[PDB]
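# Working through the structure, step by step
These are the residues of each chain, in order.
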Amino acid sequence: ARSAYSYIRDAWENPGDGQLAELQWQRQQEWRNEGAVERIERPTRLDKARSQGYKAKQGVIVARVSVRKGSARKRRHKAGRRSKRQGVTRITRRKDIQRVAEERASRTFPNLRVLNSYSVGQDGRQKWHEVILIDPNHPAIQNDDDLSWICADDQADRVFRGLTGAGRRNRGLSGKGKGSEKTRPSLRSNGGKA
Amino acid sequence: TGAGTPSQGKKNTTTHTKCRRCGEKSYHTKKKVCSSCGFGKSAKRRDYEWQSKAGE
Amino acid sequence: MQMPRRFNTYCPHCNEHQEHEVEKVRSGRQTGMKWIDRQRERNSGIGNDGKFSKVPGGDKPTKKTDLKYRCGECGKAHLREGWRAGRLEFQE
Amino acid sequence: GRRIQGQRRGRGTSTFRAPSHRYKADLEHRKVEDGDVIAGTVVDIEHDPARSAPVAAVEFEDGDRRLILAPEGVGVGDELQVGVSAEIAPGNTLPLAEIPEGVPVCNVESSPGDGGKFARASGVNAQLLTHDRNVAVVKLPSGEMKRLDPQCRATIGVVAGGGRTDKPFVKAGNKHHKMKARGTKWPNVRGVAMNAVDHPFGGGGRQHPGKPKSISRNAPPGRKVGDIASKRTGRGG
RNA sequence: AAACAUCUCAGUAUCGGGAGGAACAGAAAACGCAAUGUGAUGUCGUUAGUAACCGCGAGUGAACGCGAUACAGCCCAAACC
RNA sequence: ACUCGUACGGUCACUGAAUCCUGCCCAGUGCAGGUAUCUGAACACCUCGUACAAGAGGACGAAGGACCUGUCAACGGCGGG
RNA sequence: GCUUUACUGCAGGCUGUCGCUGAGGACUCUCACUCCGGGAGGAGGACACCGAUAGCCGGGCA
Ligand SMILES: [Cl-]
Ligand SMILES: [Cl-]
Ligand SMILES: [Cl-]
Ligand SMILES: [Cl-]
Ligand SMILES: [K+]
Ligand SMILES: [Mg+2]
Ligand SMILES: [Mg+2]
Ligand SMILES: [Mg+2]
Ligand SMILES: [Mg+2]
Ligand SMILES: [Mg+2]
Ligand SMILES: [Mg+2]
Ligand SMILES: [Mg+2]
Ligand SMILES: [Mg+2]
Ligand SMILES: [Mg+2]
Ligand SMILES: [Mg+2]
Ligand SMILES: [Mg+2]
Ligand SMILES: [Mg+2]
Ligand SMILES: [Mg+2]
Ligand SMILES: [Mg+2]
Ligand SMILES: [Mg+2]
Ligand code: NA
Ligand code: NA
Ligand code: NA
Ligand code: NA
Ligand code: NA
Ligand code: NA
Ligand code: NA
Ligand code: NA
Ligand code: NA
Ligand code: NA
Ligand code: NA
C-alpha cells in the first residue's frame, strides 16, 4: 500500500488546503523572524528530501533559505543608453530564486557541497526553499556508495557552476530534443543564446 | 594664485607608501589601501582584464 | 459626381452583359489573429519597437472610387479600378 | 542636467548633516513602571544648542539625572512630578486624561510611550479642549484639532523662551552663527540666479522663472521646486 | 543600417563568483529522411547561407540526416523486508 | 539625511535694509478644490464564438479630462477703434 | 551642453485590479501583517507595506 511518505507528498500538492495550510500560516510566522540561512534538524518535506538524495546520516545537512520576492533590483543606466536597454522595473534576472537560495546556502557552509533543493512555501514578500548539503570530507559519505561521487574534486563549488539539478533546469537543459540546440553542452559554448 | 607653479609649494602631504603586500609605493596611508595590488581592500590581488589589450 | 444604382455592364463571372448594382465597399472587421497582429505583441518590448511605433500617415486631397459591382442573376461581385471623386452619390 | 541642491541634501553628506556630536541630549519624558511616585528637583537651567530654547536639569529620587524640556516658570530648587497621580502644577508631566480641560500644555506625546512630539519649540503651547474615555482633542500651535489617545503623557504649561522670533537678526553675521549650529545649508542662492543646467528656474537673459511657479504634487524630485501644490498664492482676495 | 528609435556592433568589450588538467554535456517523457526506420554526449566534415527571423531594410541564421573521431554504462526514490 | 529636530518648526520658492506704497485682469497657462452628466484601462461578471483557445460584443468604471469654482507677493497681461 | 506644448522612451506620482489575505455597495471583528512599548500591553487591521498588471501625468533623466 501507500507509504507514510506518500501522505506528506500528497499534502504538499495543495499547500493552501487542509492541515498543511493551517501549518504554513503558523510556521511562516516563526519563519519570518528567523535569519536568512538557518540550519534545521529535519526536512519539512521528508519524501521530496529522500527523493532528492536525503539520508539520515552523518554529514548530511539540511537548511531553509529565505529570499526577498521580486523583479530585477536593477539600477538605472547613468550614461547614454538607447530606449531598449533603459529598463529597471520590468526586466528580471536569468537566474531563478531557487538557485539564488542554493548559493547563499553553499556559501554559508563553505566546506559542504550542494546535493539538491526544494520549495517549502512563500508569502507576499519572500520565498522559502530547503537545501540538502553534504560534507565530502566525512568518511561516512566517502564510504557511502550512494553519495560517494560528491567528494570528487571536480564537484567542488558545483552549485556555483550551475551543476545542480535546479541549475541544469535553469540552463534549459531538460529536453534532449528540440529547443536544446542553443543550450547543449553549455551556454558559453553556444554564445549565450538561451 | 595659479593652480600651477605656485600651488606646487603646498604639496608636502604623504599618501602612497610602500605596500607591504605587493611591494609598490601605492599604499595610501590615509586609506590604508593599495592602488596597485589592492591589499587592504581585497584578499585577492587586484587585477583587471584591461591592463592589456582585448585579444591578449 | 452622380452615378446610377443599376446599369447593364459586363461581368467576368457568367461571361455576359447583365444588370449591375453599385455599392460602396464597407470596411470588414479585423480578427486580431493575423501574422502582423502576433508580431506586434512579439517584437514589442522595452523602449522603441521600430515600425509598431509608427502612427497613421496622412490624407490626399481626393480619394479614388472604392466600389463593388454585384450582378443580378448569379449574385457575384467584381472590383473595378478607381477614379479620384470627392463625393459619389447614387441615383436610386 | 546636474542634480538640484534639494537632492544633494538627501545623501546626508557633512555639509547637510546636523552637528550631533556637539548636541547635549534627546529630551524625552520619564518611563515610570507606575505609581506616579517619581519626583525630582530642578538643579539648573541650561541652553540647548539644538532648539535655541532653555532646558532644565533634574535629579530624581532613585539617583536618575536627566535634562528635561523646561517650560516657563520653572526655577532652581523647584519640584516636579511624573505619573498618573501627579499634581497639576506647571511642568509636571502626566497623561492627558488626568489633565483638566482648558489648560495650556506642551511636549505632547503622539502615541503613549514615545516621550513627546508636539509643542516643543520656543514659547509655544497646545490646548486641551475635550475629554472622553476614548478620545482627547488637543489644539496644536498650528491650530489643528489633534485627536489623541487620553493615555498620552504631556507636560503642563507653555514652552520657555517665548518671544525669540520677535526681535530681528539685524545682520548676516548673526544668522550665519545660528545656522552653523544646525544641519542646514546656508546661505541660499535663488534658483533663478543659477544656470540653466543647475535648476529649473535657471538660465535666461534675465532673472525670471520660465515656468509658472506653482507645481503638481505628483512631480518627480528634481523638478519639485517653488510653490508646491499651492492651494493658492498671494494675499489678494 | 550611408540620418535614425526595432534591428546591427553583440551576448562582443568590461565586471561578479567558481572548477579541472582539461572543463561542460551524457544514457531519451529523443529523433519524425513517417518508418518493417535510427538509438547517450561532445567534437570534425557536410547538410547550408538551406529552413527560419528581419523598419522583410541592413543584415541574423540552426536541426534531423549522412560521412568520421571516440565509445560504455550505470545508481537511487518507492512498493516488499 | 533632515532629527539629540516638533509649527516662535523645517522644508520650497520668489523679492532683497529702513521709509511711502505695492492699482486693475482668473480669458489662456499653472497649481488646488468640486463635479449631475459626458469621456475613461485592465481583472472579475454577461452574450457570442471555439467540444478548449484565439477573436466579436455587453455591463460596471478608478485616477485623469470635459464642466464649475478658487487662486497673480503664480506664469504672466494692462491695446486698437 | 542646454531647452521645449520636437520623435520615442524611462524613473517617479496618482489610480483600478491580482497575490500576500483571515472571521460574520455599505458594515462588524481578529489571526495574519504594521507601528509604539522594557514588558504586560497599546494603536491600526485584512487596510498599509511588498511582488504583478493596467490607465493618466511625466525634460527629473535618456
Ligand atoms: Cl556547491
Ligand atoms: Cl465610395
Ligand atoms: Cl532661521
Ligand atoms: Cl537515422
Ligand atoms: K543603438
Ligand atoms: Mg517600450
Ligand atoms: Mg528626539
Ligand atoms: Mg521670517
Ligand atoms: Mg549645517
Ligand atoms: Mg538669495
Ligand atoms: Mg549667471
Ligand atoms: Mg532643466
Ligand atoms: Mg530680477
Ligand atoms: Mg523675477
Ligand atoms: Mg563544451
Ligand atoms: Mg532601411
Ligand atoms: Mg544575435
Ligand atoms: Mg531535427
Ligand atoms: Mg520601530
Ligand atoms: Mg534631452
Ligand atoms: Na560550498
Ligand atoms: Na532564448
Ligand atoms: Na519570440
Ligand atoms: Na529662467
Ligand atoms: Na552610417
Ligand atoms: Na548624426
Ligand atoms: Na539518407
Ligand atoms: Na527588425
Ligand atoms: Na487667466
Ligand atoms: Na486660471
Ligand atoms: Na557642450
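### Here's the deal with the pattern of salt bridges
- Tallied over the full model, the rule gives 14 salt bridges over all chains.
- Taking the shortest distance from any N to any O, the salt bridge between A:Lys55 and A:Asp144 comes out at 2.9 Å. Of the two residues, A:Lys55 sits in the loop between α3 (46-52) and β2 (60-68) while A:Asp144 sits in the loop between α5 (139-143) and α6 (165-170), which places them 89 residues apart along the sequence.
- On the basis of relative accessibility, which here comes to 7%, the residue A:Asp144 falls in the buried class.
- Between D:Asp64 and D:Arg66 there is a salt bridge, with the nearest N and O atoms lying 3.9 Å from each other.
- Among the charged side chains, a salt-bridge network with shared partners connects A:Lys55, A:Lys57 and A:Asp144.

### Here we look at the protein's contact with RNA strand E
- Around RNA strand E lies a shell of 44 residues, among which A:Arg94, A:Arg168, A:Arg171, A:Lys176 and C:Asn48 are the nearest.
- Of all atoms in RNA strand E that approach within 4 Å of the protein, 88% are sugar or phosphate atoms.
- Taking A:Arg50, its side chain carries an N or O atom lying 3.0 Å from a phosphate oxygen of RNA strand E.
- For RNA strand E, a phosphate oxygen lies 2.9 Å from a polar atom in the side chain of A:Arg161.
- Broken down by secondary-structure element, the contributors of at least two residues to the surface near RNA strand E are α3 of chain A together with α1 (35-43) of chain C.

### Here's the deal with a positive patch on the surface
- A grouping of A:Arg75, A:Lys78, D:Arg3, D:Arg8 and D:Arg11 is seen on the molecular surface, where their side chains present a positively charged patch.
- Given a relative accessible area of 65%, D:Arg11 falls into the exposed group.

### A short note on the domain arrangement of chain D
Residue and element names in this part refer to chain D.
- Taken domain by domain, chain D holds domain 1 (1-78), domain 2 (82-159) and domain 3 (160-237).
- Between the C-alpha centres of domain 1 and domain 3 the distance comes to 29 Å.
- At the junction of the two partners, domain 1 supplies 20 residues and domain 3 supplies 19 residues.
- Summing both sides of the interface, domain 1 and domain 3 together bury roughly 1400 Å²; the carbon and sulfur share of this comes to 52%.
- On the surface where domain 1 and domain 3 come into contact, there are 1 salt bridge.
- Salt-bridge contacts for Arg2 lead to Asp198; the nearest nitrogen and oxygen are separated by 3.6 Å.
- Across the domain 1-domain 3 interface, the total number found is 5 residue pairs in polar contact.
- The class makeup of the residues in the side of domain 1 that touches domain 3 is 10 nonpolar, 5 polar and 5 charged.

### Describing the protein's contact with RNA strand F
- What surrounds RNA strand F is a group of 60 residues, the closest being C:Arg29, D:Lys117, D:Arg120, D:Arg164 and D:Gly236.
- Here a base nitrogen of RNA strand F and a backbone polar atom of D:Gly123 are 2.8 Å apart.
- Backbone polar atom of D:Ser214 to a sugar or linking oxygen of RNA strand F: 3.1 Å apart, as the coordinates give it.
- Looking at the surface near RNA strand F, the elements with two or more residues in it are α1 (5-11) and β11 (214-215) of chain D.
- Its residues assigned to classes, the surface near RNA strand F comprises 19 nonpolar, 24 polar and 17 charged.

### Regarding empty space enclosed by the protein
- Counted under the stated rule, the structure contains 4 cavities of 30 Å³ or more.
- Taken together, the elements giving at least two residues each to the lining of the largest cavity come down to β2 (54-60) and β3 (65-68) of chain D.
- Classifying every residue of the lining of the largest cavity by side-chain character gives 5 nonpolar, 2 polar and 3 charged.
- In this model, the second largest cavity occupies a volume close to 50 Å³.
- Forming the boundary of the second largest cavity are C:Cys11, C:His13, C:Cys14, C:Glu16, C:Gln18, C:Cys71, C:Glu73, C:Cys74 and C:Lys76.
- Per-class residue counts for the lining of the second largest cavity are 4 nonpolar, 2 polar and 3 charged.

### Considerations on the packing of aromatic side chains
- One pass over the full model with this rule turns up 4 aromatic pairs over all chains.
- Arranged with centres 5.9 Å apart and planes meeting at 70°, the rings of B:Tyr27 and B:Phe39 form a pair that is edge-to-face. Residue B:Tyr27 is found in strand β2 (residues 25-28), and its partner B:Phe39 is found in the segment after β2; the two are separated by 12 residues along the sequence. When sorted by exposure, B:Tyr27 lands in the same class as B:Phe39, which is buried.
- Cation over ring: D:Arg30 sits above D:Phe60, and NZ or CZ is 4.8 Å from the ring centre.
- Lying across the ring of D:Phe169, D:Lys175 places its NZ or CZ 5.5 Å from the centre.

About the criteria used
Residues numbered from 1 in each chain as written, not as in the entry; some residues may be left out. Chains lettered and ligands numbered in written order. Part of a larger assembly, values for the part shown. Heavy atoms only, no water. Salt bridge = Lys/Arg side-chain N within 4 Å of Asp/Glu carboxyl O. Helix = DSSP H or I, 4+ residues; strand = E, 2+ residues; numbered from the N terminus. Buried < 20%, exposed > 50% of the residue type's maximum accessible area, 1.4 Å probe, protein only. Near = heavy atom within 4 Å. Polar contact = N/O pair within 3.5 Å; in protein donor to acceptor, adjacent residues only side chain to side chain. Patch = residues over 30% accessible without salt bridge, like charges linked within 9 Å, V, L, I, M, F, W, Y side chains within 5 Å. Areas by Shrake-Rupley, 256 points an atom, 1.4 Å probe, with all protein chains shown as cover. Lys, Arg positive; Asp, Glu negative; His and termini not counted. Charge placed at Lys NZ, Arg CZ, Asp CG, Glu CD. Domains from an automatic or database assignment. Contact = heavy atoms within 4.5 Å. Buried area = accessible area lost by both parts, 1.4 Å probe. Nonpolar A, V, L, I, M, F, W, Y, C, P; charged D, E, K, R; others polar. 1 Å grid on protein atoms, 1.4 Å probe; cavity = no way out; pocket = protein on both sides within 12 Å on 5 of 7 lines; lining within 4 Å. Points joined across faces, edges and corners; volume = space filled by probe spheres on them. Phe/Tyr/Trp six-rings, centres within 6.5 Å; stacked < 30°, edge-to-face > 60°. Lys NZ or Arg CZ within 6 Å of the ring centre and 35° of its normal.

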